[PDB]
Each structure stands twice: as structure tokens, then as C-alpha cells.
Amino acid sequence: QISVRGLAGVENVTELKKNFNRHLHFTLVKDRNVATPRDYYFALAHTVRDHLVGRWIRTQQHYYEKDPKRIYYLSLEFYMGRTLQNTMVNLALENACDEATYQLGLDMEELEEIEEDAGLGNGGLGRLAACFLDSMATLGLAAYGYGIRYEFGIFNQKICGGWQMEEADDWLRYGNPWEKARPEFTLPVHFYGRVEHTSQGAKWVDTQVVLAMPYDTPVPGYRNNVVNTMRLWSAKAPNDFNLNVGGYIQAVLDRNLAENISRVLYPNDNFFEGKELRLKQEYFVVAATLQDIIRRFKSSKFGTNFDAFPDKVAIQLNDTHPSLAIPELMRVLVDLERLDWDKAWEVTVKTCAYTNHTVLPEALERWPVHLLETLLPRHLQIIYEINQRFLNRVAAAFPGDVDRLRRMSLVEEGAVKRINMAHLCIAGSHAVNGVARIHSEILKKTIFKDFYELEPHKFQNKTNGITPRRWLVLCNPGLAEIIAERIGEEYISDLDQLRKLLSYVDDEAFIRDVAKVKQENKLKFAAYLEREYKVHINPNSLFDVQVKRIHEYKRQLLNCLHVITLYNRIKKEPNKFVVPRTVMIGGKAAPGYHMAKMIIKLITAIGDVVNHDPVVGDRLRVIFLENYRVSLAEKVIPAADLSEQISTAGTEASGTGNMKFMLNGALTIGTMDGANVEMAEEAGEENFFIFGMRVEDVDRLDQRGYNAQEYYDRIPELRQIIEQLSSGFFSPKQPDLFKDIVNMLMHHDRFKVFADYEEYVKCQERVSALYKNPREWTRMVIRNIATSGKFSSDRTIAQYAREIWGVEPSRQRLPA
């Protein structure tokens, strides 16, 4: 139907149809008369997967022969979403499969909805890993993603009585056609035990063993015949585990304890919990991965001599979660390979690089020493030794500066002794990067200032990106097509080409097409809400959307205050015209985060009042988007008009949702925080709705002391809202329901919601004004899309490759 989705050749469609029928018969063991729609999805998935395997085998064969420097991206999260459409797009098979399924009397889109999200991540950090894998394959890098195969990913969110309920995400229930189990590469991981000293070095003995079994998932590049690997470890009990009838039975059932390591993703978005099971997950991925790395290095054309290790291996630590890679690599080199400390350390530093993903103090990993002492006794010893040698370097560089020593130490003294994992990562890496220019500067100026002064060369910026494959071509084919009509298809792997669209900003045909694509997206999403959730919205209204995990710093509460302001203004002057809005807010709250759960309840409670007020009519609707996840993002983002990016300046390291909205034709209201700053710089500040305190203003307010009451006293509209919340206007049966929210806003608000309220409301008025002028709204949209090229993860990854890993990207095809 549409050109960007590839050709539907006669030979291809015929071949797909017969391979589809073959899988249905031989693989699913069904015939057309008994086949469930799920069977049809699985038949298609197998048919598409077949087209991957030859390229997958030859790519990995190619790396063996050419022996390039290998990149290992270590993460505890890979937020992959669905795989079927992505694979079709990257292989140029989408139209052919659409045609083949049509002729079989099947709707492919319906089949696509049957696939479970691989929800092996919480939010931005996990999704970044997924975009990065796509870009690394597209850029022809010999890259491997290494993580954990959680049996249960991020919980499914149900809203019941306005409250979040969690249900297990049993994503493997029906099986995963995309993975290949590789039991031949099963590896032992050690826990507990004790350290013995002998004549020839330390030995780690009396350990418990858990097995690590890899599962490989293919990662196809965009139309370059490259297929890389994401390898995820699953925990398995050794067969002699724990080995009376009750005793026998119990010994078998106790195998569950070892396998619990890979059972479930920790649902903490921006917060730290020193739980033993989490530490075990962290070491499990690190120990198994490093053995795989070393095996592959020895089986190379060089391996014996580890001098060349950093020339053949790069290890990227996705935050501090896999930080145990540093002392684990030292352990292996020193204890097992018998290298001297100094050489081992040189190899380690040159091998490892660390990316920081937040400055929020509560999110930083600080493990109690007694935990590491029990679980990983050898690693604690190595960490102590790293610390002593590091602090000797500090002492020599800043003689007499005793407080610098305590500030820089990897060991934090106190009630309980802790290891600061961030300090470990800086010491043991040759590069440290933030994820947006302002974030990277904040690192050098505040939290890692001491380390920057000691080793300035180590610190870098790598502004985040998103993949234009999933986040344009896949989720917004209509916009991809109208763009390709003007400028061709090469922008898909070279997003800077979107700049050519600037010479169409006054093109009346293009303006009409951009606005038409948006309207179609909005109509489709408006229908989705009715069909799947029985809610009725006005598709002519401005689609005002804030989708992201629920946290105080992201200030969903500031959005709530605006919503209530609009409602109160309508109730004050009912017969006055206002630009109609559909306000959509969505995101999951971490199970133990009480405030975040209260915020969700507030949003739904506002909806209950606003959506049923006959005086409001269809002029204002407030909807909480349930179970926000990658697949829902692919639907809502193309439908959005207004992107809410309203974190307190200095708190959102980068953001990536922001970039997704920019690429898909929404305008942005936001603070000068994270990547918003660079987005506004690229598009031009006049083409952005910027408001609020800058980082410097926040700092000034902190020095003076933030007094929320001042704002309450001086803003009558704000006062009205707080009184409504307090008095039970939004909870008539439970008048005090929101007392905690009011108390926090008035007395302990770390994120200064009130301080930005006035500028926010005023900026929102400017948004409404522009929306009243469809032509000028769309021209500003075009100027955003046209300048979104910097925010492709292809650019981000090319910068990592050149400036950190020391490898050159390649756009050349491998043979088909």
C-alpha cells in the first residue's frame, strides 16, 4: 500500500504464504479449521524469523573471520517491546507480509497485537539500551547486548477504583519465538564462600554455584543484512544441588531458590534498595558475561597475552548496575590468569567505560559492606585495594586535603559502612559520560567535581537519542511516507537529512499533509480508546499528553494543577470560548512509592469530576492512560499535539520520550532540563514552549530557602485549588483523602511545584493561542520535525564508537 514499507514481489508473497502454511501445519500442529488467532501470529513470527537466520549465522561468522574490536553493552534492563513489526521493517518485508496475510484472509495488524511486549525494563534507561542495540546493528558494529532473561518483566498495571493494582507480567506464558536457548554455553557463577591465601595468590573457596544459561535474541540492522546478538542469562540450579522422602522432595523443590535470581525485574524507577536478591542479579550478569567475553577473546586470532585485551574488547556499563564488572575483571586477571595487579588494572581501566543516568541522590547505589562481605568476599578485598591505591593518587595530587580523601573514597564511613558504586566506576573506567550536555556539566560541577579535578580527560558528554526505525517508520508510517515523497528514504538511516524539510515550511501541499497525518493518527487513537477501554473523546481537541513513569521530579502534579485551573476557569465563565483539550497522563508507579500512588489516584479523581460536569461538556477531558509501556507509546506518541516535559530543572538527566514526540509532530512545553535544552537549541527557542526556573534559579531558591506558603499567599487561583484538594472537592466520600499531597506541596516539596506554577499556566495560554491557528501550529511542527535529526541514536552511537570505544561505524551491506 505505502512505499516505505518495501516491495511486495510476486515470488516473495508466494514464498511467504507457503512457509506460513508450513509452520501452521508442522510447527503449530494445526489446520485452518482449528487455528486460534494466536496460532496465526506464531505462524507469521516463525516465517519472519526464518528470514533472519542466514544473516544471523553469517554475521557472527564474519566477526570470527575479521576479528574486529567487540563492544559489550552491559545492562540489567533491555526494554524491547514487540519484535515482529520491527523485524519486518529492518528486513524490508512488511508490505510482502501484509500482502501474503491479506491473501490468506488475515489482517496483519490484528496478528501484531497478539505479541507480548518484552517488558524487561522500567523506563528510559531500559529503552535507551534497546534503541542502542538497533543503532549498533544499523551501524555495522560488532556489538553484543548482555542482560538477564527475567521470567517476569515490569508488572501490568490495572486501575481499580482509581488505584493502581499490579499483576505479574507472565510474558513467556505462550513461549518466545524470537529467542534461541544455548545450553552449550552454560556457565557457573559463584556466591558466598571465603578467601584463602596460599603461597601463590588468593583463592575463593567453599562457594555455592548457580548456573547461567544463555538465550540469544537476534538484533537486525536496518536493511544492511547485519544481525547482532542480545544474550540474556537465565539462572539454573546445578544438578547435584542439595543432593528421607520429605528430605528428597524438599531438596528438589529448593532448586527454586537458585533459579529465583532471574525470576523478576526490580520495579524501581529512580530509587535504590539494598536488597540481597538485587545484588545477586547484578553479580550473576557480570560473572557470566565476563567469562563469555574472555572465552571469545581467547578463541580469537590474538589470544594468553592480555596486553591486547583493550584493543579487542570494550565494556560499557549502563549506570552502576553492572559495576561489579570492574573488580570481577581484576579477580579473573589477578587470581586466575596470574597477571600482576598493575598490569591487570591497566587492562581493566582501558576496557571499561561508565555512563551515569541520574543525579538524584536516592537513586545512587551504595551497598552495605556486610552484604558484600558475606556474598562476595573476594570482591570486597579487591575493592578495598582499588580504594587504597586510588586514594594514594588523590593524596599525591592534593597533598594535605583530608576532606577530599573522605569525599572521594569508595568506602563511605557511618553507622553502616557502604561502598559507593559510582566512585568505583569512575576509578576503574577510562571514560565517564552523562547523557545530555546540561547533565554532563552538572556532573563536572557538582556530584563528581572532585573526580573531574583529578582526571578531567575522563569526562565526556553523549547526548541520548532514539531509533528512527521504531519511533517513526514503525509507529508512524503515514508521516514517514509523506516525508519520503519529498526527500526520499535515506533519512531513515541518516536522520540529519530531515533538515531538507525546512524548504517545505511554506509549501501548502506539505502543510496540509502534515496536519492530515496527525488528524488520522488522532482519529485512530480516539477509536482505540473506545474499542479497548470504552472511553469517549473529542478528536478535534488538542491532545495534551504526559507519558512517563510517575515520580515527584517529573511533576505530574504540576500538570494536575494546570488541569484544575482550566476546570475552575470554565466553571467561572462557562459561556466563554476555550480551546478544547484532551489531557492524557500515563505511567506506572513503583509498588512501594506511596506518593506516586497517591498522584495516580488524584489524576483519576480529577477525571471523575471533570469528565462528568455537564457545564464542561466536551471542552475538557482528563484520561489516565492505563498500563503505559512500549507498545502503548507507539500508539499515543504519533497521536499527540502537546508533549509535557516539565521536570524541575536539574533533575531529568536527558529524557528520551521528549525526542519521540518531537519526531512525531507534537510541540513541546517544557523546562530547560536534560535534552530539552538541546532540542530548543536545534529547533529555535521561538519554536518551543519553554517556561520556568533554570538550574541557576533553582540553586538561588535553595540558598534562600523554598517557602511554598509564599506562593499560596500571592496566587489566588493556586489558593483555590489547594482549598479544593483539602476540603474534599475531588473526594466527597473521603474528604481528607489527599491530605498527604497537600501537606507535601505546602511543607516538604523537594521539586518546587508552586515555584513554576505561574509561568507554566501562562505558557499554556500561549500554546492554546497557537492551536487556534492551524496553519501556524503546523508550520511550527514542521520546524520541529525538520530539526530532530541530532536526536537519532545513530548519531549517539557513532559518538560512543569514535570517542569512547575506538571503532569506526560502517554503513556498508553484508552479502544477502
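Rigid core here is just the name for the largest C-alpha set that superposes within 1.5 Å across the two forms. Numbering starts at 1 and runs along the sequence shown.
When the other structures are laid on the shown form by the core, the C-alphas of 801 to 809 and 8 to 16 differ in how far they drift in 7 other deposited structures of this protein; the larger average drift belongs to 8 to 16. Checked against the other entries of this protein, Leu663 counts as resolved in every one of those spanning it, not missing from a third of them. Among the other PDB entries of this protein that were compared and that flank it with modelled residues, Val245 is left unmodelled in a third or more. Deposited sequence between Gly303 and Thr304: 4 to 9 residues lack coordinates. According to the record, 1 to 3 deposited residues between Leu243 and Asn244 are left without atomic coordinates.
When the two stretches 46 to 54 and 26 to 34 are set side by side, the higher mean Cα temperature factor goes to 26 to 34.
When the C-alpha B-factors of 131 to 139 and 493 to 501 are averaged, 493 to 501 comes out higher. The residue among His551, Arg263, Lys312, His612 whose C-alpha carries the highest B-factor in the deposited model is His612. Residue set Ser647, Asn676, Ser726, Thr348: peak C-alpha B-factor at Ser726 (per PDB entry). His747: CA B factor lies in the middle third for its chain, per the PDB record. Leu339: CA B factor in the highest third of modelled residues in this chain (values from the PDB entry).
In the PDB entry, a CA B factor belonging to the highest third of its chain's modelled residues is recorded for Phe271.
The entry lists a Cα temperature factor for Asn461 that places it in the lowest third of the chain's modelled residues. Looking at the C-alpha B-factors along this chain, the one for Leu232 belongs to the lowest third.
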